[PDB]
Structures are given as structure tokens and as C-alpha cells.
$ cat run05.cif   # mmCIF, C-alpha atoms and all ligand atoms
data_target
loop_
_atom_site.label_atom_id
_atom_site.label_comp_id
_atom_site.auth_asym_id
_atom_site.auth_seq_id
_atom_site.Cartn_x
_atom_site.Cartn_y
_atom_site.Cartn_z
CA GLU A 4 206.78 35.84 24.02
CA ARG A 5 204.69 38.64 25.61
CA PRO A 6 204.20 38.92 29.41
CA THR A 7 201.11 39.07 31.64
CA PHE A 8 199.53 42.50 31.70
CA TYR A 9 197.31 43.64 34.55
CA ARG A 10 194.79 46.44 34.83
CA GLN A 11 194.02 49.18 37.36
CA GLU A 12 192.51 52.69 37.64
CA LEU A 13 194.56 55.53 39.07
CA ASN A 14 194.44 59.34 38.72
CA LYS A 15 191.01 59.07 37.12
CA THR A 16 192.99 57.59 34.19
CA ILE A 17 193.53 53.82 33.55
CA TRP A 18 196.80 51.76 33.40
CA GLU A 19 197.46 48.35 31.79
CA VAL A 20 201.05 47.51 32.73
CA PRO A 21 202.97 44.20 32.92
CA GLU A 22 203.20 41.92 35.97
CA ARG A 23 206.84 42.89 36.45
CA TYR A 24 205.94 46.48 37.49
CA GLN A 25 204.29 46.57 40.89
CA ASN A 26 202.91 49.08 43.36
CA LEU A 27 202.09 51.83 40.91
CA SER A 28 201.74 55.16 42.65
CA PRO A 29 201.13 58.42 40.75
CA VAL A 30 203.58 61.34 41.07
CA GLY A 31 201.74 63.90 38.84
CA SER A 32 201.40 65.16 35.24
CA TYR A 35 201.89 65.13 27.54
CA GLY A 36 201.32 62.40 30.12
CA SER A 37 201.28 61.18 33.72
CA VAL A 38 203.90 59.27 35.66
CA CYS A 39 203.89 56.43 38.17
CA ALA A 40 206.57 55.54 40.61
CA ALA A 41 206.61 51.73 40.70
CA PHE A 42 208.73 48.71 41.70
CA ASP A 43 210.52 46.71 39.02
CA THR A 44 210.52 43.07 40.22
CA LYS A 45 212.92 42.10 37.42
CA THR A 46 215.73 44.48 38.50
CA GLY A 47 214.82 45.37 42.11
CA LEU A 48 214.87 49.11 41.49
CA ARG A 49 212.18 51.76 41.78
CA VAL A 50 211.16 53.12 38.38
CA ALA A 51 208.96 55.70 36.78
CA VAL A 52 206.35 54.61 34.28
CA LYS A 53 205.08 57.41 32.07
CA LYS A 54 201.82 56.76 30.21
CA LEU A 55 201.47 58.99 27.20
CA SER A 56 198.26 60.94 27.02
CA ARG A 57 196.58 60.48 23.68
CA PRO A 58 199.75 59.48 21.85
CA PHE A 59 198.13 59.48 18.43
CA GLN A 60 195.36 62.18 18.67
CA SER A 61 196.55 64.28 15.65
CA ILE A 62 199.51 64.25 13.20
CA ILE A 63 201.46 66.49 15.63
CA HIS A 64 200.77 64.17 18.58
CA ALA A 65 201.75 61.19 16.45
CA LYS A 66 205.07 62.80 15.48
CA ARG A 67 205.74 63.97 19.06
CA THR A 68 205.09 60.45 20.31
CA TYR A 69 207.55 59.04 17.74
CA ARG A 70 210.16 61.74 18.41
CA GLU A 71 210.04 61.05 22.09
CA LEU A 72 210.52 57.29 21.55
CA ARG A 73 213.46 57.80 19.15
CA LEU A 74 215.15 60.32 21.47
CA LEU A 75 214.74 58.14 24.54
CA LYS A 76 215.81 54.97 22.74
CA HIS A 77 218.94 56.75 21.62
CA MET A 78 220.01 58.16 25.04
CA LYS A 79 222.62 55.88 26.61
CA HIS A 80 224.56 58.04 29.08
CA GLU A 81 224.79 58.54 32.90
CA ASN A 82 223.62 62.19 32.94
CA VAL A 83 220.81 61.75 30.44
CA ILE A 84 217.57 59.85 30.99
CA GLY A 85 217.51 56.44 29.29
CA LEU A 86 214.73 54.01 28.49
CA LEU A 87 214.63 50.92 30.76
CA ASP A 88 211.52 49.62 28.96
CA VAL A 89 208.84 50.58 26.46
CA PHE A 90 205.67 48.53 26.16
CA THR A 91 202.06 48.56 25.07
CA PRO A 92 198.92 46.56 25.96
CA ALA A 93 198.34 46.04 22.16
CA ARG A 94 198.97 42.68 20.56
CA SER A 95 198.75 43.90 16.96
CA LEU A 96 199.37 47.14 14.99
CA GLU A 97 195.62 47.30 14.33
CA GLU A 98 194.72 47.72 18.00
CA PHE A 99 197.91 49.60 19.03
CA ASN A 100 196.79 52.69 20.95
CA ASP A 101 198.72 53.21 24.20
CA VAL A 102 202.44 53.84 24.83
CA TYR A 103 204.17 53.48 28.19
CA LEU A 104 207.68 54.57 29.01
CA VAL A 105 209.84 53.23 31.83
CA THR A 106 212.87 54.82 33.39
CA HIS A 107 214.81 54.94 36.70
CA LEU A 108 213.06 56.84 39.47
CA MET A 109 215.18 59.72 40.75
CA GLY A 110 212.85 61.27 43.29
CA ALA A 111 213.44 64.99 42.98
CA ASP A 112 214.13 67.69 40.45
CA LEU A 113 216.51 70.67 40.82
CA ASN A 114 213.50 72.99 40.87
CA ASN A 115 212.26 71.59 44.17
CA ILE A 116 215.60 70.66 45.72
CA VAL A 117 216.53 74.38 45.49
CA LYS A 118 214.87 74.48 48.96
CA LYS A 121 220.96 77.63 48.09
CA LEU A 122 223.63 74.90 47.78
CA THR A 123 227.37 74.93 48.38
CA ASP A 124 229.96 75.64 45.72
CA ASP A 125 231.10 72.00 45.67
CA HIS A 126 227.48 71.00 44.96
CA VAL A 127 226.71 73.47 42.24
CA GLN A 128 230.10 72.45 40.74
CA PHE A 129 229.06 68.85 40.71
CA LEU A 130 225.49 69.56 39.61
CA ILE A 131 226.38 71.90 36.73
CA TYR A 132 229.27 69.60 35.79
CA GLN A 133 226.91 66.76 35.32
CA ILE A 134 224.52 68.86 33.19
CA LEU A 135 227.37 69.95 30.96
CA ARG A 136 228.52 66.38 30.57
CA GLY A 137 224.95 65.47 29.62
CA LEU A 138 224.78 68.36 27.11
CA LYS A 139 228.10 67.21 25.61
CA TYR A 140 226.66 63.88 24.79
CA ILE A 141 223.28 65.33 23.58
CA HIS A 142 224.90 68.09 21.59
CA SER A 143 227.30 65.65 19.90
CA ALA A 144 224.24 63.97 18.42
CA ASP A 145 223.11 67.25 16.68
CA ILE A 146 220.20 67.38 19.19
CA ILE A 147 219.29 70.61 20.96
CA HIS A 148 217.19 70.37 24.15
CA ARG A 149 215.71 73.94 23.97
CA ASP A 150 213.86 73.79 27.27
CA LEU A 151 216.54 73.30 29.88
CA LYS A 152 215.28 74.34 33.28
CA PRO A 153 215.19 73.08 36.90
CA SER A 154 212.09 70.84 36.60
CA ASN A 155 213.80 69.13 33.62
CA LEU A 156 216.74 68.17 35.82
CA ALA A 157 216.37 65.04 37.91
CA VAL A 158 218.55 64.46 40.94
CA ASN A 159 218.63 61.42 43.21
CA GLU A 160 219.70 61.49 46.88
CA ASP A 161 223.27 60.69 45.81
CA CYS A 162 223.19 64.17 44.16
CA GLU A 163 223.27 62.35 40.83
CA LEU A 164 221.89 64.30 37.94
CA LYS A 165 219.97 63.39 34.77
CA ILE A 166 218.61 65.60 32.01
CA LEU A 167 214.95 64.81 31.42
CA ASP A 168 213.22 65.25 28.11
CA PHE A 169 210.04 66.50 29.99
CA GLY A 170 209.45 67.06 33.76
CA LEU A 171 206.64 67.17 36.43
CA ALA A 172 203.84 69.83 36.51
CA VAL A 183 208.28 78.40 37.20
CA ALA A 184 208.18 79.70 33.57
CA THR A 185 209.91 78.33 30.47
CA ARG A 186 210.87 81.88 29.52
CA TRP A 187 213.12 82.49 32.52
CA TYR A 188 215.83 80.17 31.11
CA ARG A 189 215.46 80.81 27.35
CA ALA A 190 218.26 82.33 25.32
CA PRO A 191 217.49 85.86 24.16
CA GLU A 192 217.79 84.86 20.46
CA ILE A 193 214.97 82.31 20.92
CA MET A 194 213.00 85.09 22.62
CA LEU A 195 213.58 87.26 19.53
CA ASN A 196 212.32 84.28 17.53
CA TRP A 197 215.55 83.71 15.52
CA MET A 198 214.97 80.59 13.35
CA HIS A 199 218.65 79.80 13.27
CA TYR A 200 219.85 79.43 16.85
CA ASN A 201 222.60 76.87 17.63
CA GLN A 202 223.23 74.37 20.48
CA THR A 203 224.34 77.09 22.88
CA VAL A 204 220.82 78.13 23.61
CA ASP A 205 221.17 75.21 26.08
CA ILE A 206 224.36 76.65 27.49
CA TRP A 207 222.46 79.90 28.17
CA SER A 208 219.93 77.83 30.12
CA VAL A 209 222.66 76.17 32.14
CA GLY A 210 224.07 79.62 32.92
CA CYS A 211 220.70 80.76 34.29
CA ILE A 212 220.36 77.58 36.33
CA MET A 213 223.91 77.85 37.79
CA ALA A 214 223.13 81.47 38.66
CA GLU A 215 219.99 80.36 40.49
CA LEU A 216 221.88 77.75 42.56
CA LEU A 217 224.68 80.07 43.61
CA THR A 218 222.31 82.85 44.77
CA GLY A 219 218.93 81.16 45.45
CA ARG A 220 217.29 83.64 43.03
CA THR A 221 216.00 83.36 39.52
CA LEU A 222 218.43 85.33 37.43
CA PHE A 223 215.73 86.66 35.04
CA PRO A 224 212.24 86.48 36.56
CA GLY A 225 210.55 88.25 33.62
CA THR A 226 206.73 88.57 33.55
CA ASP A 227 206.71 88.15 29.74
CA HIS A 228 208.84 87.95 26.57
CA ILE A 229 209.48 91.75 26.45
CA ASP A 230 210.18 91.95 30.20
CA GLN A 231 212.37 88.86 29.86
CA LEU A 232 214.61 90.53 27.30
CA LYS A 233 214.62 93.77 29.33
CA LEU A 234 216.08 91.91 32.36
CA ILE A 235 218.65 90.08 30.25
CA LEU A 236 220.13 93.23 28.69
CA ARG A 237 220.26 94.90 32.09
CA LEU A 238 222.84 92.35 33.22
CA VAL A 239 224.66 91.57 29.99
CA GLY A 240 224.37 94.93 28.19
CA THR A 241 222.76 95.92 24.90
CA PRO A 242 224.31 94.16 21.91
CA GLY A 243 227.41 95.87 20.61
CA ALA A 244 227.66 96.61 16.89
CA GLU A 245 229.28 93.22 16.17
CA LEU A 246 226.12 91.32 17.17
CA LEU A 247 223.86 94.08 15.90
CA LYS A 248 224.85 93.34 12.33
CA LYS A 249 223.91 89.66 12.51
CA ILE A 250 220.18 90.43 13.09
CA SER A 251 218.39 89.68 9.77
CA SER A 252 215.12 91.20 10.84
CA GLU A 253 214.27 94.89 10.59
CA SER A 254 211.72 94.58 13.42
CA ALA A 255 213.98 93.07 16.13
CA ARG A 256 216.83 95.39 15.02
CA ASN A 257 214.47 98.32 15.44
CA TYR A 258 213.20 97.12 18.81
CA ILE A 259 216.57 96.70 20.62
CA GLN A 260 218.34 99.57 18.83
CA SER A 261 215.39 101.62 20.17
CA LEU A 262 215.99 100.48 23.72
CA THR A 263 218.09 102.49 26.18
CA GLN A 264 221.77 101.54 25.90
CA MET A 265 222.50 99.46 29.00
CA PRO A 266 226.19 98.80 29.92
CA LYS A 267 227.38 95.24 30.54
CA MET A 268 227.40 94.86 34.31
CA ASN A 269 230.52 93.51 36.06
CA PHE A 270 229.69 89.92 37.04
CA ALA A 271 231.92 89.96 40.12
CA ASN A 272 229.76 92.89 41.35
CA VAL A 273 226.49 91.07 40.83
CA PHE A 274 227.59 87.64 42.03
CA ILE A 275 229.35 88.85 45.12
CA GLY A 276 231.23 86.23 47.11
CA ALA A 277 230.59 83.41 44.67
CA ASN A 278 233.66 81.42 43.61
CA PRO A 279 235.41 83.79 41.20
CA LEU A 280 235.78 80.71 38.91
CA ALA A 281 232.01 80.21 38.96
CA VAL A 282 231.63 83.88 38.01
CA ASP A 283 234.10 83.48 35.17
CA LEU A 284 232.12 80.53 33.71
CA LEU A 285 228.86 82.55 34.04
CA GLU A 286 230.47 85.32 32.06
CA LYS A 287 231.34 82.80 29.33
CA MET A 288 227.82 81.33 29.25
CA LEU A 289 225.62 84.42 29.49
CA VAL A 290 227.11 85.97 26.34
CA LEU A 291 224.57 87.70 24.17
CA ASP A 292 226.10 86.61 20.83
CA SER A 293 225.69 82.88 20.44
CA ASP A 294 228.70 82.39 18.14
CA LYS A 295 230.83 83.35 21.17
CA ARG A 296 229.05 81.47 23.96
CA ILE A 297 231.17 78.68 25.42
CA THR A 298 230.14 75.18 24.27
CA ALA A 299 229.24 72.25 26.55
CA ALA A 300 232.55 70.58 25.62
CA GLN A 301 234.63 73.74 26.30
CA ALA A 302 232.85 74.42 29.57
CA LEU A 303 233.76 70.99 30.90
CA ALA A 304 237.48 71.94 30.48
CA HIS A 305 236.84 75.13 32.47
CA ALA A 306 238.90 75.44 35.67
CA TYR A 307 235.73 75.61 37.81
CA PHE A 308 235.30 71.84 37.17
CA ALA A 309 238.99 70.85 37.63
CA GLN A 310 238.14 68.44 40.44
CA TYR A 311 235.50 66.68 38.24
CA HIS A 312 236.80 67.08 34.70
CA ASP A 313 238.09 63.91 33.08
CA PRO A 314 238.44 64.00 29.26
CA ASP A 315 238.74 60.17 29.08
CA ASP A 316 235.29 59.80 30.68
CA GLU A 317 233.07 62.37 28.88
CA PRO A 318 231.69 60.42 25.92
CA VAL A 319 229.85 61.53 22.80
CA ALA A 320 226.74 59.92 21.33
CA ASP A 321 226.30 57.66 18.34
CA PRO A 322 224.93 59.55 15.37
CA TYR A 323 221.17 60.26 15.53
CA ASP A 324 219.01 60.18 12.45
CA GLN A 325 216.55 63.04 12.63
CA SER A 326 215.69 63.23 8.96
CA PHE A 327 212.20 62.16 10.15
CA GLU A 328 211.79 65.68 11.49
CA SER A 329 211.24 66.88 7.90
CA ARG A 330 208.70 64.25 6.81
CA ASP A 331 205.01 65.15 6.44
CA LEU A 332 203.34 61.81 7.10
CA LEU A 333 199.88 60.40 7.82
CA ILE A 334 198.74 59.85 11.42
CA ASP A 335 198.68 56.07 10.79
CA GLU A 336 202.16 56.31 9.38
CA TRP A 337 203.70 57.86 12.51
CA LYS A 338 201.58 55.46 14.53
CA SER A 339 203.14 52.50 12.80
CA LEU A 340 206.74 53.82 12.90
CA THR A 341 206.32 54.10 16.66
CA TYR A 342 204.98 50.57 16.84
CA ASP A 343 208.10 49.44 15.00
CA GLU A 344 210.20 51.28 17.52
CA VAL A 345 208.35 49.63 20.41
CA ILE A 346 208.72 46.22 18.81
CA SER A 347 212.41 46.59 18.03
CA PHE A 348 213.35 47.69 21.54
CA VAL A 349 216.35 46.07 23.24
CA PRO A 350 216.51 46.20 27.02
CA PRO A 351 219.79 47.61 28.29
CA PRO A 352 221.93 44.97 30.12
CA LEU A 353 221.07 44.45 33.83
CA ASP A 354 224.13 45.48 35.95
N1 LIG B 401 224.82 85.01 15.69
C1 LIG B 401 223.78 85.50 16.36
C2 LIG B 401 223.87 85.67 17.74
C3 LIG B 401 222.77 86.19 18.43
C4 LIG B 401 221.58 86.55 17.74
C5 LIG B 401 220.47 87.08 18.41
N2 LIG B 401 220.45 87.28 19.74
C6 LIG B 401 220.97 88.51 20.36
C7 LIG B 401 220.24 88.97 21.62
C8 LIG B 401 220.05 89.73 20.30
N3 LIG B 401 219.38 87.37 17.68
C9 LIG B 401 219.32 87.18 16.35
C10 LIG B 401 218.14 87.48 15.70
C11 LIG B 401 218.02 87.32 14.31
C12 LIG B 401 216.80 87.60 13.66
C13 LIG B 401 215.70 88.02 14.42
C14 LIG B 401 215.81 88.17 15.80
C15 LIG B 401 217.03 87.89 16.44
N4 LIG B 401 220.37 86.68 15.69
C16 LIG B 401 221.49 86.37 16.36
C17 LIG B 401 222.61 85.85 15.68
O1 LIG B 402 209.15 61.96 33.19
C1 LIG B 402 209.81 61.01 33.61
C2 LIG B 402 209.93 59.79 32.66
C3 LIG B 402 209.35 58.55 32.97
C4 LIG B 402 209.51 57.46 32.10
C5 LIG B 402 210.21 57.58 30.91
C6 LIG B 402 210.76 58.81 30.59
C7 LIG B 402 210.62 59.92 31.45
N1 LIG B 402 210.45 61.12 34.85
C8 LIG B 402 210.22 62.37 35.67
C9 LIG B 402 211.16 62.56 36.90
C10 LIG B 402 211.50 61.24 37.63
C11 LIG B 402 212.17 60.28 36.64
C12 LIG B 402 211.30 59.99 35.38
#

$ encode --input "run05.cif" --output "C-alpha cells"
Amino acid sequence: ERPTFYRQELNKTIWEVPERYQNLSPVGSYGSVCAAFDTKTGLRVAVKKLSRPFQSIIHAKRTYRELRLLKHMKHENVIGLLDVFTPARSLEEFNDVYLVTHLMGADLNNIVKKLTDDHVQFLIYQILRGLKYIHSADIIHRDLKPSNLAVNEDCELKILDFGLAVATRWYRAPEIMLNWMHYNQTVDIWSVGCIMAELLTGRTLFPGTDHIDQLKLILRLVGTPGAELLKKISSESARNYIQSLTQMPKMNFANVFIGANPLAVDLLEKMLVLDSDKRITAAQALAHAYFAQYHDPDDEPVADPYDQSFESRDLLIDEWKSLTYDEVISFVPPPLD
């Protein structure tokens, strides 16, 4: 049977949540989030209410994608669904989607207020372990950045799908910047590299003002593409653009990252590689020496397979609406431990 819902008004917007969640308290805005108390488990949680989940076909797909992705994530360094619920009693009236997950307080972006090498080691290690699991499901995150990294006071880290209301572009792989349709998983590794760099130094590696500037700054550090990468660019335009640029030499990373752990610097070298067929993977980075005190092959799991064939379907608004509803209805709480 269904539980007792109860109603209140909040950030101008309205919230009809179950009895079980108490003391809602907005933390800021795709949707807005409340910190609340979960009387069933005793823990503080975040309740995200989706804004306009079914406003267009693209919203309806996005809303479904997000539910599928969250329902699939079962791993310590990746955000999982505690609960999904709606005020609606039937498909016909189904209109609002709420998502519940563990509260974690802060995000890397705002905890950056320069860490020690043990900390960045533990922080990046946990990201990589998260990416292992995500990547093993054929899922790419694409927008890895500080605000999408949630960290409790235990220094425990979880990859968020979407974070609090700092540019996207600063952490994007150059091939995504050049609009390559065919990028692999290691666009996320690039992001990690940029984040690690920011923790070790306290400075955004590539603070570009736009997508041209952004690429400028990247090539300064990592050099213009050699001929081996040059020949993989299937686009006259791009090829013209960078082959027209001034030939920058690949800087020495131990000169730029002075007095960082030379193991840290090694890893950064292996992550900020221009050519994405050569970038270290999440799985291979975990075995890097830099994480020797954390690395445990027996405790770095992979995900169950994830069906994303839905990504290719062109479906009616009411069809995505109803697939979501099925996902809400078929939801199994994780065990309470
Ligand atoms: N195996 C790869 C590795 C890296 C690549 C990359 N990124 C490099 C910084 C230039 N860019 C491109 C590409 C292709 C078409 C249009 C624009 C860019 N392809 C790449 C293929
Ligand atoms: O955006 C969310 C969220 C909330 C509920 C379900 C999924 C993600 N969070 C943001 C950072 C604090 C933890 C949760």
C-alpha cells in the first residue's frame, strides 16, 4: 500500500512528499533539492524534485534517462537511489517525480577552500573507482567537474549525475571541444586529470574564456598534436584550425607541477594525453603506483550490464511518461544496513 503524503510550499515551488521525510529544507537548484530527515532510516537525505519532468519529448526522455541511470547505480563512489516516489495514484494523473538520495553536504568545488597529497590521493582514487564501475556499464559521464563530486565530512566521495547551481568547458576533453562525434570513455579521465591538477595546485588547470581559448590553453601545456593524432581527424575544418595554430611543444609536467608528488605528476601525464586512444583508462589508473596505499583489485567492482537501447528510440511524450511511471512503480528499496 501507498503511504501518507503531505504538502508544503518552499522555494516559491511546492512539494508533496511522504510522511517519512521530515524537515525539508532547500539547498538550491533540471530541478531543486531539499535536505531532509528520513524517519525510516535515521539518516539525512536529499530529495530532488524534477522541474517539469514531462514538458517536451526531450524533457520526458531526460527524466526517464535519469531514473534508469540512478536506479542502476549500486556502488559506494557513485550516487544511488534511496527512494523514488510521486504524489500520483494513477498513470493518468502522474505528473511529478521526486528523487531521494543520501545527503553528503559539500561538493569538491566548494571544499577546494589546496589539500594534502594523501587527500587528493584518496579523493581521486575514489573518483577513479567510481568511473571504473560507470565505465564498465558502457556509460560515459561527459560532465565530470568539481560540483558533480559530492564529499561528506568523512572525505567520502560520490559521483553525482547533476550538481548544485565554474564552467563546464574547463574540464572537457579537447576532442569534445572539437565536436568529435566519436569520443570514448576517457573523456572522463581527462576531466579527472583536470580536477586532480586543481586539487594539487589550488588553480584551475585550463581557465579558458571560451571554446577557442579553452583549446589554446590545453595545447600550451600538452603540445600541438603530433602527426600520429593529426591523421585521425576526419574533419577538414578542425584539421585546418589546429594545423594553422603555432606549434607549441609539450611542456615538462615536473616543471609545471613543481613539488607535487612525482607519482601524481606521472599520473597527470598519463591522463592529460591529447590522443584519446592512448589516455589511461579508469581501470588502469587505479593500478597506478600513486594509489598503492588505496588500490585493492578484489574490492573495485564493475556494474551489471545497462540497457541503453532506449537512447535510440524516438517516442511520444506520453510514451516516455509511462515508461518512467513503470520505473517508479517497479522500484525496489535497497536493503537498510
Ligand atoms: N583518436 C582520436 C583521438 C583524439 C581526437 C581528437 N582530439 C585531439 C585534440 C585534437 N579530435 C578528433 C577530431 C575528429 C573530428 C573532428 C574534430 C576532432 N579526433 C580524435 C581522434
Ligand atoms: O542532486 C542531488 C540528488 C538528490 C536526489 C537524488 C539524486 C541526486 N544531490 C546533490 C548533492 C548532495 C547529494 C544529492

$ residues_around --input "run05.cif" --residues "residue A:151" --least-positions-apart "2" --cutoff "12 Å" --atoms "all atoms listed in the file" --output "VMD selection string"
chain A and resid 113 to 114 134 to 135 137 to 138 147 to 149 153 to 157 165 to 170 184 to 190 202 to 213

$ axis_aligned_box --input "run05.cif" --around "ligand LIG 402 (chain B)" --padding-each-side "6 Å" --output "lines of an AutoDock Vina configuration file"
center_x = 210.7
center_y = 60.0
center_z = 34.1
size_x = 15.0
size_y = 17.1
size_z = 19.0

$ atom_distance --input "run05.cif" --atom1 "atom CA of residue A:241" --atom2 "atom CA of residue A:281"
23.0 Å

$ atom_distance --input "run05.cif" --atom1 "atom CA of residue A:300" --atom2 "atom CA of residue A:87"
27.1 Å

$ residues_near_ligand --input "run05.cif" --ligand "ligand LIG 401 (chain B)" --cutoff "9 Å" --atoms "all atoms listed in the file" --output "MDAnalysis selection string"
chainID A and resid 190:201 232 235:236 241:242 246:256 259 290:295

$ residues_near_ligand --input "run05.cif" --ligand "ligand LIG 402 (chain B)" --cutoff "6 Å" --atoms "all atoms listed in the file" --output "tab-separated table (two decimals) with C-alpha atoms, in the coordinates of the input"
chain	number	residue	atom	x	y	z
A	51	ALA	CA	208.96	55.70	36.78
A	52	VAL	CA	206.35	54.61	34.28
A	53	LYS	CA	205.08	57.41	32.07
A	104	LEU	CA	207.68	54.57	29.01
A	105	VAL	CA	209.84	53.23	31.83
A	106	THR	CA	212.87	54.82	33.39
A	107	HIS	CA	214.81	54.94	36.70
A	108	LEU	CA	213.06	56.84	39.47
A	109	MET	CA	215.18	59.72	40.75
A	110	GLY	CA	212.85	61.27	43.29
A	157	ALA	CA	216.37	65.04	37.91
A	169	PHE	CA	210.04	66.50	29.99
A	170	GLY	CA	209.45	67.06	33.76

$ atom_distance --input "run05.cif" --atom1 "atom CA of residue A:243" --atom2 "atom CA of residue A:263"
12.7 Å

$ residues_near_point --input "run05.cif" --point "(221.7, 80.4, 43.5)" --cutoff "10 Å" --atoms "all atoms listed in the file" --output "JSON, numbers by chain"
{"A": [117, 121, 122, 123, 124, 127, 211, 212, 213, 214, 215, 216, 217, 218, 219, 220, 221, 222, 274, 277]}

$ residues_near_point --input "run05.cif" --point "(195.3, 62.0, 11.3)" --cutoff "9 Å" --atoms "only C-alpha atoms" --output "PyMOL selection string"
chain A and resi 59-63+65+333-335

$ write_last_selection --input "run05.cif" --atoms "C-alpha atoms" --output "CSV table (one decimal), in the frame of the given file"
chain,number,residue,atom,x,y,z
A,59,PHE,CA,198.1,59.5,18.4
A,60,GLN,CA,195.4,62.2,18.7
A,61,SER,CA,196.6,64.3,15.6
A,62,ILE,CA,199.5,64.2,13.2
A,63,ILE,CA,201.5,66.5,15.6
A,65,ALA,CA,201.8,61.2,16.4
A,333,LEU,CA,199.9,60.4,7.8
A,334,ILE,CA,198.7,59.8,11.4
A,335,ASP,CA,198.7,56.1,10.8

$ closest_residue --input "run05.cif" --among "A:224, A:158, A:310, A:305" --to "residue A:111" --atoms "all atoms listed in the file"
A:158

$ residues_around --input "run05.cif" --residues "residue A:321" --least-positions-apart "3" --cutoff "10 Å" --atoms "all atoms listed in the file" --output "compact mmCIF listing (two decimals) with C-alpha atoms, in the frame of the given file"
# COMPACT_ATOMS: atom_id res chain seq x y z
CA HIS A 77 218.94 56.75 21.62
CA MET A 78 220.01 58.16 25.04
CA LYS A 79 222.62 55.88 26.61
CA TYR A 140 226.66 63.88 24.79
CA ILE A 141 223.28 65.33 23.58
CA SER A 143 227.30 65.65 19.90
CA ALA A 144 224.24 63.97 18.42
CA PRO A 318 231.69 60.42 25.92
CA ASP A 324 219.01 60.18 12.45

$ closest_residue --input "run05.cif" --among "A:69, A:258, A:132, A:18" --to "residue A:103" --atoms "all atoms listed in the file"
A:18
